[PDB]
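By letter and in written order, the chains are A, B, C, D, E, F, G, H, I, J, K, L, M and N; residue numbering begins at 1 in each of them.
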Amino acid sequence: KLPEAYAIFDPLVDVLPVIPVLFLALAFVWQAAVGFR
Amino acid sequence: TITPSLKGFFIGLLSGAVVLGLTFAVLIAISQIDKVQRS
Amino acid sequence: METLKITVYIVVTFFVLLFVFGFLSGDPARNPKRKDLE
Amino acid sequence: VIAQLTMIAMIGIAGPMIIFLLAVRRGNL
Amino acid sequence: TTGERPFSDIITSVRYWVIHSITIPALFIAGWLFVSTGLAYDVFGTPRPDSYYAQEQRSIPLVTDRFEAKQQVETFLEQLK
Amino acid sequence: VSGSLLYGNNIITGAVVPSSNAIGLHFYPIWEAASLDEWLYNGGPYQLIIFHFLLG
Amino acid sequence: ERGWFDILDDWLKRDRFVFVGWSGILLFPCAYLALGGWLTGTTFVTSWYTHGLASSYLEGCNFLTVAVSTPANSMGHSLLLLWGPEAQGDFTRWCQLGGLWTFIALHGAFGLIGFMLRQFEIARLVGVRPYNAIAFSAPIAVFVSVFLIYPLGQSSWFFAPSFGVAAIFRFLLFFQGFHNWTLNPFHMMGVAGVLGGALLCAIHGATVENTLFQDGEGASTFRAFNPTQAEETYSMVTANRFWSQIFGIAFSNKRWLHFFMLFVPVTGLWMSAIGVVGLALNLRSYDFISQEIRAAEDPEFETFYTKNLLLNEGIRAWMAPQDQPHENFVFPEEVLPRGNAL
Amino acid sequence: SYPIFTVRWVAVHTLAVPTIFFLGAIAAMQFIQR
Amino acid sequence: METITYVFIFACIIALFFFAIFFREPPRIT
Amino acid sequence: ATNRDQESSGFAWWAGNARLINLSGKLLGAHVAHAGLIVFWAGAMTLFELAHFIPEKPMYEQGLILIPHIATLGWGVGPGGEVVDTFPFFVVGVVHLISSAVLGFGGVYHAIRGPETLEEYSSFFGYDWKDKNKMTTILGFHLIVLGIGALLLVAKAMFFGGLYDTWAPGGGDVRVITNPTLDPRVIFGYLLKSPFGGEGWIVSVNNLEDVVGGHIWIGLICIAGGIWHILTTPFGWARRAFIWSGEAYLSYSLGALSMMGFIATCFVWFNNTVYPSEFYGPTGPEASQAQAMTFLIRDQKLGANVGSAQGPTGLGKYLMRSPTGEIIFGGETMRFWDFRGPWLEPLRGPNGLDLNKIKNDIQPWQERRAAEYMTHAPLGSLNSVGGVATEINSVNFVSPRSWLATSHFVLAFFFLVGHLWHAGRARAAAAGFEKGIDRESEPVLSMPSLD
Amino acid sequence: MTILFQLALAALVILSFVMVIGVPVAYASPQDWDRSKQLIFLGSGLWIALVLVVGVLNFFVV
Amino acid sequence: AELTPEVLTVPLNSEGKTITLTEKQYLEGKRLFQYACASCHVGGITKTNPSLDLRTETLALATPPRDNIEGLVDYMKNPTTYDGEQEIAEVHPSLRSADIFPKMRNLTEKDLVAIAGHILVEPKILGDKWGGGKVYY
Amino acid sequence: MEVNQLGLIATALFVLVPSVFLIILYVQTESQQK
Amino acid sequence: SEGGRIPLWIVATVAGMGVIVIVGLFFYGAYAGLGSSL
């Protein structure tokens, strides 16, 4: 576990590692916005 | 005698005739309403 | 068997040297179009 | 469990939000 | 093109989404309730987690007679007390 | 295990048999064997063939 | 002539997003019902009463393990019609008896008929030769041999493949252990045709893509093609020299190349269908008699063939009691074939 | 300018309507406990 | 005799490879 | 918008980053933002692992891969690899996560706000791919950087607490390395070892002295090479041997990374020194040997004479000879006789496993260790059901060794594919036919027929 | 110090979210770049400050 | 079939006394068994010594008897060989050897009771599968 | 090995008969006027 | 009514996220309740 003082951030910490994948997905949203020109 | 399975056969026959019948009725109807333009 | 070993080692070294020096011998220039790739 | 889905909801929306905001404002996409 | 309205036209229109922000969630919810109410089990005859075996039974309720199979299944279901 | 035609195999059953589990990942060229008879017993042809094949 | 038949013909053959045709009347309901039946069964329907298996999302199965399973062995080869003497019109009981299996298999079959007829009809209307339908004869030969002929030669529909991912895998392993199906030269021709087809697909795609003429300025080369252009988009001559110098032989005739691309996988599948037809009667390539006579007399004689038979024997003994529950197999620990330790 | 109810519309909905219903069902299924 | 048959067929196939490669009908541009 | 569509760039959206080949500023943005992604993952993954971490369970029962890396450096662990302080893990994770914000900031800036090209802005940061000297200069900078990294490892090992040593006398423990191996005969001797069984090339490194000395060597080599490349331009033979373009250098790096990927795969699969089994779980060989050890112990306790016990095949049930005569565990684990591990070695004599030591000297900690490793063998399903493929659901386990080996084989392979793709494209583009054959100048048409 | 810590850290997270959306949008927006550059400078200095604050207060809460 | 109070009713001691476990106790028992025991005792067998299993009859014939909550809990504190003759805490997980088997460190008396209860209830459900090994999979 | 004693003739005719058919057709093709 | 009012990239992003959510739920369900093995 994280030190007790940080325990409230457990759910955020549970989610963080997946964020990089979102950047790949972001690239497509962006490309969708410019019509994949 | 009409056994339960012969009755079943008749039910199947009717069901198939109904499905195909309604299908052709509907398709003919639609074909008549939405004719292709020629000439 | 030692002689077979030495023979194979020499053969392998030979062909390997042919491969390496061969690709070192201006391979980019060996094409039908643009040769000046140096 | 509710907290985790809330976090991934804000984080998850952030990107498309960036794109949406830029598209609305005719940004340099 | 074959005369039908382009899909991109349809699905980028307000009216489509007015219709479908209703119809799609409604269908999803209907399926959900189809399961959560247990109706699916009853319709299809699928065992609930508590209905595979009688309490002390470890034998599969396998159908072993073609023409009395219906009755066999009913008996197996009855034996679940 | 017999793999060859002359030792009782046909085309479907025949094989070059993998090298001995006793060898493992050890490199077993012909010259590591005390004899060809040993090399053959322990499945040296398998290693020679697959290594030359993969390189080739 | 302008009666109702021709007017119907007019509407049926209208150029719309999804072509219908006369073939559509057979195809679409049968295909829709086959697929819908599969989804319905895999979502909601058990195989508890037929197999002693869970097979639906409802029961906790996932996409890999869900199936619409075959009927109980006791059903024999019953058409298992909803209105038949087994279910007697009761839909729930019908589901519980495995009615969805025959439902799916038969609607599936007529649906495949509809699809191939569709291929013929469209080929005729557009004015092309009907090689797509002819090639489609192979998938049909496979479906018919495996899902219909095979169980028809066996005791019941029970031993047909169940419509499911894992179930199909089970079907594969059953065929190994019981039929030694890998040893069967018709299956071997099937394999050669499938892998050979994939090889031809890959090699042809890559060859075309790597002998393209530069027809644009773009480094991405797809736009530099126009459907209506007269010229070949790639160099047959250069491709031919390349493979001639690489492999020793090469295509020189594009028509031959593509006919060959039809021929290889279709023929492969057809051969496999013939083999499965053999397996319907248990007419297997299980053994080499010379091998067995030698091994019987010589306990030092071992080939990969004999090893594989040991594997088959294990498969049979360990899987049969649960895979074939109608047989009431009880195999005592002591009769189970096992090597040392395992 | 464009018709709404076409053969294509029908085909699409025969697949899409049950699909959403089923996905809702299976989603509900994920919370079932023995 | 089996072995002879198998090896024979194989050898025929290899020879066939040889002829099919070096003695093929040459491809000609018309 | 410059070069951000196909008509102007020549590259479709799906090849969009190729639009960046000659836009050094935006390409710098791409690179820095990406480094941001990597550091971000290191940090967030570390925090996730720590949040999920139960200190009294072995790490390898908990799906941990980064904490094992930190622990191997000697942080947060004591004797036997027991966790004594989770705070170092927290620090590593947090500092990476924070640093990632910085890299991301610079990356986003360069990518969308900063100068698209750097050449007009700066002669030092600007570059031409075809400028061989600038390329070798930048390469030199990065080589010095890497050398500094390796020396950072040496520093950790020698001056800042040491490294976890599974081989430490009296049991695995964090240990300061005071006498690193400098002898070039040993160090490069590793580089000349066979990659086959019983040798295993660099993967065979089995003591921290060799590791640290090796990193001393690599650090100095890398710094010297960096200086070399800042001070020199490529010789004639190199000029004539290579393709000099962005895509070519990319292809070379892809090849190298592929090679490195496969090396890492074998490293995590076989090596238990820089990948301590305390943290990563037992290797396959380790666990098979551990099974043999376990039952040798069990049956010997029951009164079996394990030296004279003949198995069904004629081979020793428990003990047999390797092909060179060494006494080894028998059965299938015969294949793994090259395995070496701290729990087994005390039973090893000059001729291999010593029967008298086996009879008299096996300690309870060895039985425990062998049982633990045997029952934490790196076998398991994709949904992480531990054990053989036929095992029932019960145990939630896949060895970290398996996750890291499989992931890195997949990555190394696709990077080999990328290498072929980009090397071939760089060749074709350099020669000027990457877009296809000139219809009016088809080379083969000017070649004589083959027959 | 737990009040200071837990809110300085919540503020760090919040500001981070704000920067994550705001900075790229600012970088790519045509107008109001003058106001944006200064807001980004401020946000960045404040972010660094909050990181250091959380960092110090850490040892008085753990 | 259901996980009824009767199924969850298992022997507390050798003197005819029973204890009825709650469903939550059964779940805790499965969880803790998986956590601490299943690496070797998956499915009721013993990977490092298959001669000895966790079948109820076998536990009944162990010395002292282990076919009750108390026997199993004591085992988890002070494991012996099957005849009770030697104490094996040094090579087997126990509270007494929590120093060398660190997963036992956070196990409470309640936890031991839950694990014991899992061990006794599971064969009542699974029959020959419990301790049966691969033959019964 | 106790092989089927007809396997030899079966294989031999299996190879020879169609091979001969093909050789006949090829050779009579070549001898036609160019 | 008017085609184009709601941009296609938004429709795609929202629909895609919906798919990710539902599939994600199915994977959660692989570890909980029926089929979880527990």
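Some points to look at:
Convention: a contact is a pair of C-beta atoms (placed from the backbone, for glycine too) under 8 Å apart; a residue touches a chain by one contact, two chains touch by 3 or more.
Common partners of subunit D and subunit N, by the touch rule above, are A. Top-ranked chain pair, ordered by C-beta pairs in contact, is E-G. For the pair subunit J and subunit N, the distance between C-alpha centroids works out to 36 Å. Subunit C and subunit G, compared by their mean Cα positions, are separated by 48 Å.
Work out the mean CA point of subunit B and of subunit K, and you get 71 Å between them. For subunit N, residues touching at least two other chains, in rising order: 7-9, 13, 26, 30, 33-34, 38. Residue positions of subunit G with contacts to 2 or more other chains are 16-17, 44, 58-60, 85, 88, 237, 244, 290-291, 294. Multi-chain contact residues of subunit F, defined as those touching 2 or more other chains: 8, 10.
The touching residues of subunit F, when paired with subunit C in their complex, are 29-31, 33, 35. Residue ranges of subunit G in contact with subunit H, taken from their complex: 16-18, 20, 28, 32, 36, 39, 43-44, 57-58, 60. Those residues of subunit G that touch subunit F in the shared complex are 183, 185, 288, 290-291, 294, 301-305, 307.
Residues 7, 9-10, 13, 17 of subunit N are the ones that touch subunit D when the two sit in their complex. Those residues of subunit C that touch subunit F in the shared complex are 1-2, 4-5, 8.
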